[PDB]
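*Asks:* Take a look at start28.tsv, TSV, N, CA and C atoms:
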```
chain	number	residue	atom	x	y	z
A	22	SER	N	114.34	127.49	212.89
A	22	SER	CA	114.48	128.86	212.45
A	22	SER	C	115.36	128.99	211.24
A	23	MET	N	115.27	130.14	210.62
A	23	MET	CA	116.08	130.39	209.50
A	23	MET	C	117.49	130.69	210.00
A	24	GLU	N	117.64	131.30	211.18
A	24	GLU	CA	118.99	131.58	211.73
A	24	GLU	C	119.77	130.24	211.99
A	25	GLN	N	119.07	129.25	212.56
A	25	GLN	CA	119.69	127.94	212.84
A	25	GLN	C	120.16	127.30	211.57
A	26	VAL	N	119.37	127.38	210.50
A	26	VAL	CA	119.79	126.91	209.16
A	26	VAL	C	121.03	127.61	208.64
A	27	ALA	N	121.06	128.95	208.78
A	27	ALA	CA	122.23	129.72	208.30
A	27	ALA	C	123.52	129.31	209.08
A	28	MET	N	123.38	129.13	210.40
A	28	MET	CA	124.47	128.68	211.27
A	28	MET	C	124.88	127.27	210.82
A	29	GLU	N	123.89	126.42	210.57
A	29	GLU	CA	124.19	125.07	210.04
A	29	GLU	C	124.92	125.04	208.70
A	30	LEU	N	124.58	125.96	207.80
A	30	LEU	CA	125.25	126.09	206.52
A	30	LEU	C	126.72	126.55	206.71
A	31	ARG	N	126.94	127.52	207.60
A	31	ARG	CA	128.32	128.00	208.01
A	31	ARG	C	129.14	126.79	208.48
A	32	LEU	N	128.57	125.99	209.36
A	32	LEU	CA	129.28	124.80	209.90
A	32	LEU	C	129.63	123.79	208.80
A	33	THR	N	128.69	123.57	207.89
A	33	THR	CA	128.89	122.68	206.75
A	33	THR	C	130.01	123.20	205.89
A	34	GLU	N	130.04	124.51	205.65
A	34	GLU	CA	131.12	125.08	204.85
A	34	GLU	C	132.49	125.03	205.58
A	35	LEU	N	132.50	125.30	206.87
A	35	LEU	CA	133.77	125.12	207.63
A	35	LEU	C	134.23	123.66	207.55
A	36	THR	N	133.27	122.71	207.62
A	36	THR	CA	133.59	121.30	207.48
A	36	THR	C	134.23	121.00	206.17
A	37	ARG	N	133.72	121.59	205.08
A	37	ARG	CA	134.34	121.42	203.76
A	37	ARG	C	135.75	121.94	203.71
A	38	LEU	N	135.97	123.12	204.26
A	38	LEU	CA	137.32	123.72	204.23
A	38	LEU	C	138.30	122.86	205.10
A	39	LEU	N	137.85	122.47	206.30
A	39	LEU	CA	138.65	121.57	207.17
A	39	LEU	C	138.93	120.20	206.56
A	40	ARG	N	138.00	119.66	205.75
A	40	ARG	CA	138.29	118.42	205.03
A	40	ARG	C	139.44	118.61	204.06
A	41	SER	N	139.46	119.70	203.29
A	41	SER	CA	140.58	119.98	202.39
A	41	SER	C	141.93	120.22	203.20
A	42	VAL	N	141.84	120.92	204.34
A	42	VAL	CA	143.00	121.10	205.23
A	42	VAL	C	143.50	119.72	205.69
A	43	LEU	N	142.58	118.86	206.09
A	43	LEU	CA	142.96	117.55	206.65
A	43	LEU	C	143.70	116.73	205.60
A	44	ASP	N	143.20	116.81	204.36
A	44	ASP	CA	143.80	116.07	203.26
A	44	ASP	C	145.18	116.58	202.98
A	45	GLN	N	145.33	117.89	202.96
A	45	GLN	CA	146.63	118.50	202.70
A	45	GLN	C	147.62	118.14	203.82
A	46	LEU	N	147.14	118.12	205.07
A	46	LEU	CA	148.07	117.79	206.18
A	46	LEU	C	148.45	116.32	206.15
A	47	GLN	N	147.52	115.45	205.84
A	47	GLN	CA	147.80	114.04	205.83
A	47	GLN	C	148.75	113.63	204.67
A	48	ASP	N	148.71	114.37	203.57
A	48	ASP	CA	149.72	114.17	202.53
A	48	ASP	C	151.15	114.46	202.97
A	49	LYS	N	151.37	115.28	204.01
A	49	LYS	CA	152.68	115.51	204.55
A	49	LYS	C	153.14	114.38	205.46
A	50	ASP	N	152.37	113.31	205.48
A	50	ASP	CA	152.69	112.07	206.25
A	50	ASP	C	152.64	110.90	205.33
A	51	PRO	N	153.58	110.86	204.38
A	51	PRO	CA	153.45	109.80	203.37
A	51	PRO	C	153.75	108.41	203.90
A	52	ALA	N	154.49	108.33	205.02
A	52	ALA	CA	154.72	107.05	205.72
A	52	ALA	C	153.46	106.51	206.46
A	53	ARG	N	152.40	107.33	206.60
A	53	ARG	CA	151.20	106.93	207.32
A	53	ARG	C	151.44	106.62	208.79
A	54	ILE	N	152.48	107.22	209.33
A	54	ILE	CA	152.81	107.10	210.77
A	54	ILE	C	151.66	107.54	211.67
A	55	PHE	N	150.97	108.59	211.25
A	55	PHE	CA	149.90	109.23	212.09
A	55	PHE	C	148.46	108.88	211.60
A	56	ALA	N	148.32	107.95	210.66
A	56	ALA	CA	147.03	107.62	210.08
A	56	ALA	C	146.04	107.03	211.00
A	57	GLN	N	146.49	106.23	211.98
A	57	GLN	CA	145.58	105.45	212.81
A	57	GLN	C	145.97	105.62	214.32
A	58	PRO	N	145.08	105.33	215.23
A	58	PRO	CA	145.45	105.32	216.65
A	58	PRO	C	146.58	104.42	216.99
A	59	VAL	N	147.48	104.84	217.86
A	59	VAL	CA	148.47	103.92	218.42
A	59	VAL	C	147.74	102.70	219.03
A	60	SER	N	148.10	101.50	218.60
A	60	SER	CA	147.46	100.25	219.10
A	60	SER	C	147.83	99.92	220.58
A	61	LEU	N	146.82	99.73	221.43
A	61	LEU	CA	147.03	99.42	222.82
A	61	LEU	C	147.31	97.96	222.93
A	62	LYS	N	146.96	97.19	221.89
A	62	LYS	CA	147.46	95.80	221.87
A	62	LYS	C	148.96	95.77	221.74
A	63	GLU	N	149.49	96.56	220.81
A	63	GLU	CA	150.94	96.65	220.54
A	63	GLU	C	151.84	97.58	221.44
A	64	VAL	N	151.22	98.60	222.02
A	64	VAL	CA	151.90	99.49	222.95
A	64	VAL	C	151.05	99.56	224.21
A	65	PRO	N	151.08	98.47	225.03
A	65	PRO	CA	150.10	98.39	226.12
A	65	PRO	C	150.24	99.46	227.21
A	66	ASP	N	151.40	100.06	227.38
A	66	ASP	CA	151.61	101.11	228.42
A	66	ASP	C	151.23	102.51	227.85
A	67	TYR	N	150.74	102.61	226.60
A	67	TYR	CA	150.61	103.96	225.99
A	67	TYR	C	149.86	105.03	226.83
A	68	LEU	N	148.75	104.60	227.42
A	68	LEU	CA	147.89	105.56	228.10
A	68	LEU	C	148.46	105.96	229.46
A	69	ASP	N	149.51	105.27	229.93
A	69	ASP	CA	150.26	105.70	231.10
A	69	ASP	C	151.09	106.94	230.74
A	70	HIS	N	151.47	107.06	229.46
A	70	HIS	CA	152.35	108.13	228.99
A	70	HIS	C	151.51	109.29	228.40
A	71	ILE	N	150.56	108.99	227.54
A	71	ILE	CA	149.81	109.94	226.69
A	71	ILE	C	148.33	109.91	227.12
A	72	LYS	N	147.97	111.06	227.72
A	72	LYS	CA	146.61	111.11	228.22
A	72	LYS	C	145.49	111.40	227.23
A	73	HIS	N	145.79	112.02	226.07
A	73	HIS	CA	144.82	112.33	225.06
A	73	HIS	C	145.43	111.90	223.66
A	74	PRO	N	145.40	110.61	223.41
A	74	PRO	CA	145.84	110.16	222.09
A	74	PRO	C	145.06	110.81	220.95
A	75	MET	N	145.73	110.93	219.79
A	75	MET	CA	145.06	111.50	218.61
A	75	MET	C	145.76	110.91	217.37
A	76	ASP	N	145.04	110.92	216.31
A	76	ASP	CA	145.50	110.46	215.00
A	76	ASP	C	144.56	110.95	213.86
A	77	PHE	N	144.95	110.78	212.62
A	77	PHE	CA	144.18	111.34	211.54
A	77	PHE	C	142.80	110.68	211.29
A	78	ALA	N	142.69	109.38	211.54
A	78	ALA	CA	141.40	108.68	211.42
A	78	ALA	C	140.39	109.18	212.42
A	79	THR	N	140.87	109.45	213.64
A	79	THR	CA	140.01	109.87	214.71
A	79	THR	C	139.56	111.30	214.36
A	80	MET	N	140.46	112.14	213.83
A	80	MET	CA	140.08	113.52	213.46
A	80	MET	C	139.04	113.47	212.33
A	81	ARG	N	139.21	112.55	211.39
A	81	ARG	CA	138.33	112.42	210.28
A	81	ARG	C	136.90	112.03	210.74
A	82	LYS	N	136.81	111.15	211.71
A	82	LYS	CA	135.49	110.81	212.30
A	82	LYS	C	134.83	112.03	212.95
A	83	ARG	N	135.59	112.77	213.74
A	83	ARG	CA	135.05	114.01	214.29
A	83	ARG	C	134.65	115.00	213.19
A	84	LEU	N	135.49	115.20	212.23
A	84	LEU	CA	135.20	116.10	211.15
A	84	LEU	C	133.86	115.73	210.41
A	85	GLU	N	133.67	114.45	210.13
A	85	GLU	CA	132.51	114.03	209.32
A	85	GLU	C	131.21	114.08	210.09
A	86	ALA	N	131.29	114.11	211.42
A	86	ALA	CA	130.16	114.40	212.25
A	86	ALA	C	130.02	115.93	212.51
A	87	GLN	N	130.65	116.75	211.66
A	87	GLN	CA	130.70	118.19	211.93
A	87	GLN	C	131.03	118.56	213.37
A	88	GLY	N	131.99	117.85	213.99
A	88	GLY	CA	132.34	118.10	215.35
A	88	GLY	C	133.42	119.13	215.67
A	89	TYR	N	133.96	119.80	214.65
A	89	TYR	CA	134.81	120.94	214.83
A	89	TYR	C	134.03	122.26	214.59
A	90	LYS	N	133.88	123.03	215.63
A	90	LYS	CA	133.06	124.28	215.50
A	90	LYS	C	133.85	125.44	214.93
A	91	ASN	N	135.18	125.37	215.03
A	91	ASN	CA	136.05	126.46	214.59
A	91	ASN	C	137.42	125.84	214.26
A	92	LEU	N	138.28	126.60	213.58
A	92	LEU	CA	139.64	126.10	213.27
A	92	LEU	C	140.48	125.79	214.51
A	93	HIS	N	140.37	126.56	215.58
A	93	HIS	CA	141.14	126.33	216.82
A	93	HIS	C	140.97	124.88	217.34
A	94	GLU	N	139.73	124.38	217.37
A	94	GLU	CA	139.43	123.00	217.79
A	94	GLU	C	140.17	121.97	216.94
A	95	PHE	N	140.24	122.24	215.65
A	95	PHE	CA	140.86	121.33	214.69
A	95	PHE	C	142.36	121.39	214.90
A	96	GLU	N	142.88	122.59	214.99
A	96	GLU	CA	144.34	122.72	215.28
A	96	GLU	C	144.78	122.06	216.57
A	97	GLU	N	143.95	122.12	217.59
A	97	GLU	CA	144.22	121.49	218.86
A	97	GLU	C	144.49	119.97	218.69
A	98	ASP	N	143.62	119.34	217.89
A	98	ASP	CA	143.69	117.88	217.59
A	98	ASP	C	144.98	117.64	216.78
A	99	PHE	N	145.22	118.47	215.74
A	99	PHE	CA	146.49	118.26	214.99
A	99	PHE	C	147.73	118.38	215.85
A	100	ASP	N	147.78	119.37	216.72
A	100	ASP	CA	148.91	119.55	217.61
A	100	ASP	C	149.08	118.35	218.57
A	101	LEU	N	147.97	117.70	218.97
A	101	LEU	CA	148.03	116.54	219.80
A	101	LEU	C	148.79	115.39	219.11
A	102	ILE	N	148.52	115.26	217.82
A	102	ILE	CA	149.16	114.18	217.09
A	102	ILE	C	150.68	114.38	217.23
A	103	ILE	N	151.13	115.57	216.91
A	103	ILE	CA	152.55	115.92	216.91
A	103	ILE	C	153.15	115.83	218.30
A	104	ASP	N	152.50	116.56	219.23
A	104	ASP	CA	153.03	116.68	220.54
A	104	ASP	C	153.12	115.31	221.31
A	105	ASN	N	152.13	114.44	221.13
A	105	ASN	CA	152.06	113.09	221.73
A	105	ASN	C	153.31	112.29	221.28
A	106	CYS	N	153.48	112.40	219.92
A	106	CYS	CA	154.59	111.64	219.33
A	106	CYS	C	155.97	112.10	219.82
A	107	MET	N	156.18	113.42	219.92
A	107	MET	CA	157.46	113.99	220.34
A	107	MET	C	157.78	113.76	221.86
A	108	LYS	N	156.77	113.35	222.62
A	108	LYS	CA	156.98	113.00	224.01
A	108	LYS	C	157.28	111.49	224.13
A	109	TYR	N	156.47	110.66	223.46
A	109	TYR	CA	156.58	109.19	223.60
A	109	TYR	C	157.86	108.68	222.99
A	110	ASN	N	158.20	109.29	221.82
A	110	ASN	CA	159.39	108.81	221.10
A	110	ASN	C	160.58	109.69	221.29
A	111	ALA	N	161.78	109.17	221.27
A	111	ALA	CA	163.01	109.96	221.39
A	111	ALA	C	163.36	110.66	220.11
A	112	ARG	N	164.25	111.65	220.24
A	112	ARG	CA	164.75	112.47	219.10
A	112	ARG	C	165.34	111.67	217.94
A	113	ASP	N	165.98	110.54	218.25
A	113	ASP	CA	166.68	109.76	217.27
A	113	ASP	C	165.78	108.71	216.55
A	114	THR	N	164.45	108.88	216.56
A	114	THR	CA	163.59	107.89	216.01
A	114	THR	C	162.88	108.38	214.79
A	115	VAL	N	162.52	107.44	213.90
A	115	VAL	CA	161.79	107.81	212.73
A	115	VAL	C	160.44	108.46	213.07
A	116	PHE	N	159.87	108.05	214.19
A	116	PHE	CA	158.55	108.61	214.57
A	116	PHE	C	158.68	110.10	214.94
A	117	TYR	N	159.65	110.40	215.85
A	117	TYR	CA	159.89	111.82	216.28
A	117	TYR	C	160.13	112.68	215.06
A	118	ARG	N	161.04	112.17	214.20
A	118	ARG	CA	161.45	112.97	213.06
A	118	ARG	C	160.26	113.20	212.07
A	119	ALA	N	159.36	112.21	211.95
A	119	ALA	CA	158.15	112.29	211.05
A	119	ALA	C	157.27	113.41	211.61
A	120	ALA	N	157.17	113.46	212.96
A	120	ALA	CA	156.42	114.55	213.58
A	120	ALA	C	156.93	115.92	213.36
A	121	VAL	N	158.25	116.08	213.42
A	121	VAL	CA	158.84	117.37	213.20
A	121	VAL	C	158.54	117.86	211.76
A	122	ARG	N	158.70	116.95	210.84
A	122	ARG	CA	158.46	117.26	209.45
A	122	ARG	C	157.00	117.61	209.14
A	123	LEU	N	156.10	116.87	209.76
A	123	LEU	CA	154.65	117.13	209.67
A	123	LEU	C	154.33	118.49	210.28
A	124	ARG	N	154.89	118.82	211.46
A	124	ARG	CA	154.68	120.11	212.06
A	124	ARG	C	155.15	121.24	211.11
A	125	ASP	N	156.36	121.12	210.62
A	125	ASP	CA	156.92	122.21	209.81
A	125	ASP	C	156.16	122.40	208.49
A	126	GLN	N	155.87	121.30	207.81
A	126	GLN	CA	155.12	121.35	206.57
A	126	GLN	C	153.68	121.74	206.77
A	127	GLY	N	153.08	121.33	207.88
A	127	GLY	CA	151.65	121.60	208.14
A	127	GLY	C	151.43	123.07	208.50
A	128	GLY	N	152.44	123.70	209.13
A	128	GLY	CA	152.38	125.15	209.49
A	128	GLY	C	151.97	126.04	208.35
A	129	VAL	N	152.52	125.76	207.17
A	129	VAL	CA	152.26	126.52	205.95
A	129	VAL	C	150.76	126.46	205.53
A	130	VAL	N	150.20	125.26	205.61
A	130	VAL	CA	148.81	124.94	205.23
A	130	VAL	C	147.89	125.64	206.22
A	131	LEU	N	148.25	125.52	207.50
A	131	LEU	CA	147.42	126.07	208.56
A	131	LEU	C	147.44	127.60	208.59
A	132	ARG	N	148.56	128.18	208.23
A	132	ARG	CA	148.64	129.64	208.15
A	132	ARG	C	147.62	130.20	207.12
A	133	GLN	N	147.47	129.58	205.94
A	133	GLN	CA	146.54	130.10	204.96
A	133	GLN	C	145.09	129.69	205.29
A	134	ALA	N	144.90	128.51	205.89
A	134	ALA	CA	143.58	128.11	206.36
A	134	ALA	C	142.99	129.17	207.30
A	135	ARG	N	143.80	129.69	208.21
A	135	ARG	CA	143.36	130.75	209.15
A	135	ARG	C	142.93	132.02	208.42
A	136	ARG	N	143.69	132.43	207.42
A	136	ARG	CA	143.33	133.58	206.64
A	136	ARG	C	141.98	133.33	205.93
A	137	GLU	N	141.77	132.13	205.35
A	137	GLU	CA	140.52	131.75	204.65
A	137	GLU	C	139.28	131.68	205.56
A	138	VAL	N	139.47	131.09	206.75
A	138	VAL	CA	138.43	131.07	207.75
A	138	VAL	C	137.99	132.48	208.15
A	139	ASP	N	138.93	133.36	208.51
A	139	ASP	CA	138.64	134.78	208.79
A	139	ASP	C	138.03	135.51	207.57
A	140	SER	N	138.65	135.33	206.41
A	140	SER	CA	138.24	136.05	205.19
A	140	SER	C	136.79	135.71	204.78
A	141	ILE	N	136.51	134.43	204.52
A	141	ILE	CA	135.15	133.96	204.19
A	141	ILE	C	134.19	134.08	205.39
A	142	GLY	N	134.73	134.14	206.61
A	142	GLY	CA	133.94	134.17	207.84
A	142	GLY	C	133.54	132.76	208.24
```
Can the structure from this file be put into structure tokens for me?
*Replies:*
Amino acid sequence: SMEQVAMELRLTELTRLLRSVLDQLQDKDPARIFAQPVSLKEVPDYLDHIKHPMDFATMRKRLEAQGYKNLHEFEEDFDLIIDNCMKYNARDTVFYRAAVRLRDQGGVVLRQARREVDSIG
């Protein structure tokens, strides 16, 4: 149908906007702490602690398969990255602190992304 095509075009455009959001958020992680999944070879107890691991590569795979239907889904994954890290690592660690900084800096990007998603529809 023509309606299915129009819905598909909306999703493609949301994907484009979320790709630019993802890039902007990942630049706030210049240490690349959150770039890849926590290695289960290197942290073998991880899944005993963190039930839904997340990282930027995994989000990028979902994004490129158009697997985010709305901004809320995407934000959920971003918050996982932060929240996972702030539980596994203590306050006095470079990892915890990288998360706090990513959260605070990413808030600004996400606030305008929400306005753009609503505005453009």
*Asks:* Just want the 7 Å neighbourhood of stretch 39-52 of chain A, counted on only N, CA and C atoms, with same-chain residues fewer than 3 positions away dropped. Output as a VMD selection string.
*Replies:* chain A and resid 34 to 36 55 to 56 122 to 123 126 to 127 130
*Asks:* In Å to one decimal, how far is atom CA of residue A:128 from atom CA of residue A:80?
*Replies:*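 We find that atom CA of residue A:80 and atom CA of residue A:128 lie 17.4 Å from each other.
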*Asks:* How many Å lie between atom C of residue A:136 and atom C of residue A:37, rounded to one decimal?
*Replies:*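 Atom C of residue A:136 sits 13.2 Å away from atom C of residue A:37.
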*Asks:* What does the structure give for the distance between atom CA of residue A:93 and atom N of residue A:119, in Å to one decimal?
*Replies:* 23.6 Å
*Asks:* Return the single residue from A:97, A:82, A:142, A:129 that is closest to residue A:28, with distances computed using only C-alpha atoms.
*Replies:*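 Comparing A:97, A:82, A:142, A:129 against residue A:28, the winner is A:142.
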*Asks:* Point out the residue among A:81, A:70, A:53, A:31 with the least atom-to-atom distance to residue A:105, counting all atoms listed in the file.
*Replies:* A:70
*Asks:* Please report, as a PyMOL selection string, each residue of chain A to which DSSP assigns alpha helix (DSSP H) when run on this structure's backbone.
*Replies:* chain A and resi 23-48+67-70+77-85+92-109+115-141
*Asks:* Looking at only C-alpha atoms, which of A:72, A:65, A:109, A:131 is the one that sits closest to residue A:38?
*Replies:* A:131
*Asks:* So that I can check the surroundings of residue A:118, please list as a list in words every protein, DNA and RNA residue that reaches within 8 Å of it, counting only N, CA and C atoms and ignoring chain neighbours fewer than 6 positions away.
*Replies:*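 Using only N, CA and C atoms, the neighbours found are residues 106, 107, 110, 111, 112 and 124 of chain A.
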*Asks:* If we count all atoms listed in the file and set the cut-off at 8 Å, which residues sit around stretch 90-92 of chain A, ignoring sequence neighbours fewer than 2 positions away in its own chain? Please answer as a ChimeraX atom specification.
*Replies:* /A:32,35-36,39,87-88,94-98,134-135,138
